[PDB]
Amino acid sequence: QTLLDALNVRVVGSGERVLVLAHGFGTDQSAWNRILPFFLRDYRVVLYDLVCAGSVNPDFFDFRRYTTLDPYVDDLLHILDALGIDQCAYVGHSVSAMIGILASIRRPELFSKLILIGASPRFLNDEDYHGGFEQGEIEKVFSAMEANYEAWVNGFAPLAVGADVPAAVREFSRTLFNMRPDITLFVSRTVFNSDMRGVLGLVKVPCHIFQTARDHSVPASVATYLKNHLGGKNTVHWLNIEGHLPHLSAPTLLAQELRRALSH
């Protein structure tokens, strides 16, 4: 309840089947605003802000606590428990895809289905795995973020959005720039340091892997990697949408594909 208030938990919709919409990096739950009308009639929609969102009081971001994805999982599960949800479909963008995977391992009965958008188990390359990022280049990026956060945001937002959708670039920039810079850097380091590859096989619920074209954060091969290694029944949806934030850039088309995946 203090947690429900802290993370801006919102429940809306006229349906019964519970649908959790969990935003990812650089946004808050408002990233779902243009998807939402498509689900109100026949779902009960649960939204929340990750503790690192710009819309959450930065006093709640305890750097001694949030050192791995596990405490983010704790927050998600405490929310669903407090709302009395014992089964739901879960949609996770970006880091929230991994949070949902870990949550499902902890609570295998809680999720009927996971829908993963812009998901990667590991951003960094190594000998037998392409993630899309080298350690050396990422340290240069972290230096830039520290030196001038504003300039970093304005360089990064068009890459993340990917497609030439200026409204979405401005909207992503808005919510990224609302994040306090030391939180953004710390969260970024957290996730670049994370490696979910070893746990993927532990998942037993069905996963729908939504993969856009030319996703700055997620090579096509990573979607295929998820398909091969996630332990349950997996379906890749190769969206006809460019970029890492399809909910911001192509919400009408994304909404339709989410509806199809949820009906499957």
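Note that residue numbering begins at 1 and tracks the sequence as displayed.
Across the two stretches, 92-100 and 69-77, the PDB entry reports the greater mean Cα temperature factor for 69-77. In this crystal structure, the stretch out of 120-128 and 136-144 whose C-alpha atoms carry the higher mean B factor is 136-144. When the C-alpha B-factors of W152, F177, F192, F111 are ranked from the entry, the top spot goes to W152. The PDB entry assigns the greatest CA B-factor among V20, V11, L248, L253 to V11. Among all modelled residues in this chain, the alpha-carbon of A157 has a temperature factor (C-alpha) in the middle third.
Among all modelled residues in this chain, the alpha-carbon of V205 has a temperature factor (C-alpha) in the highest third. Per the deposited record, the Cα B-factor of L40 falls in the highest third when ranked against the other modelled residues of its chain. Looking at the C-alpha B-factors along this chain, the one for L4 belongs to the highest third.
The deposited CA B-factor of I183 belongs to the middle third of values across its chain.
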